[PDB]
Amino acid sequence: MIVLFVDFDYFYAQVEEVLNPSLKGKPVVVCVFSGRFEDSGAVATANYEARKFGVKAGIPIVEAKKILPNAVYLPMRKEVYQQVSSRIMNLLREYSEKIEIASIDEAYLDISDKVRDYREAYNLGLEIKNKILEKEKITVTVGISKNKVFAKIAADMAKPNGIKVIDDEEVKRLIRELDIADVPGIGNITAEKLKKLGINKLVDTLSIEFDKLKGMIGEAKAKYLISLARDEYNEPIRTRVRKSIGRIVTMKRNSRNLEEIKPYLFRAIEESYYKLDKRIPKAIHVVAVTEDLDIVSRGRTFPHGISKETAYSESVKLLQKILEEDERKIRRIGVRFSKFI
């Protein structure tokens, strides 16, 4: 089975460059302003020009300006990048019937019933890159292999504006050479739990006794890794379906006062419902980020669909349950709707 993974380069930033090519060449940082103080907030992402100096996704905007004070700082326009994304996805949908849209700028393609060996995959890779570039002026990285996981890893290795093939032969080498902290789905937490287990490479999972793994990282994560290590990982590409919709906003100041939070919560609801569009949810969760950036939530599933009125009343109840079940001051507050009928 051959998988071709497509990942758009510094997406949010590259799009801002697209909508105003005068930006190209200069440091571009797309920010998410929390509105607590002048430049409060974090970086959604930045182009390589700015990234070469440490300015990247996740760091505070203030930390970015202290490094590249003259870089161009733009507020994140999620709706725009989303529409540009869709168009490009449709484009891909023409190279394969089998398409999995992993994120706002990622997608795996099953080109098995469309290609023989990796040579034809490579060409198709370029042919697609070219297409997208000519159609939307967007550069992307392409990764190809026997399964999704490796297809992705291939792309990571070739970023940016790259293309790479990881044939069954190299797959063997990486299962021994690849740091397992570079295996998708393995973050710092799992990384350190694997380090304390002597597993630095994928193959190291082969030594360890299963039951021991399942206990340190979990059965699912355990079986996952073992499969990859056995060169037997082989999940299929399938259409993903939006399972939840919601919004969470940062409050000007941190509160613990019901009446002070409410307005923020109601706004999260309103927008959430607009995003629902046609969807009617049976479950609603109130999510709160406490002063010490911890995340607390409370929810409830109804035996029917939830109307905006019902979400309003219930939301206030769930918030109250949070204020009385936790002592910390609430920093961010929002809602999450799920279990669509």
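Rigid core (definition): largest C-alpha set, two forms, superposition within 1.5 Å. Start at 1 and count along the sequence shown; that's the residue number.
- Annotation: of the segments 179-187 and 70-78, 179-187 departs further from this form in 8 other deposited structures of this protein (C-alpha atoms, root mean square over structures and residues, core superposition).
- Relative to the shown model and aligned on the rigid core, the C-alphas in 8 other deposited structures of this protein deviate most, among 204-212 and 138-146, for 204-212.
- Look at the mean CA B-factor for 205-213 and for 222-230 in the entry; the higher one is 205-213.
- Look at the C-alpha B-factors of 290-298 and of 43-51. On average they run higher in 290-298.
- When the C-alpha B factors of 267, 114, 243, 87 are read from the deposited coordinates, the top value falls at 114.
- As recorded in the entry, 176 carries the highest CA temperature factor of 176, 152, 78, 247.
- Per the deposited record, the Cα B-factor of residue 161 falls in the lowest third when ranked against the other modelled residues of its chain.
- In this PDB entry, the Cα temperature factor of residue 278 sits in the top third of its chain's modelled residues, the highest group.
- Annotation for residue 200: CA B-factor lies in the highest third of the chain's modelled residues.
- When the modelled residues of the chain are ordered by C-alpha B-factor, residue 56 sits in the middle third.
- For residue 36, the recorded CA temperature factor ranks within the highest third of the chain's modelled residues.
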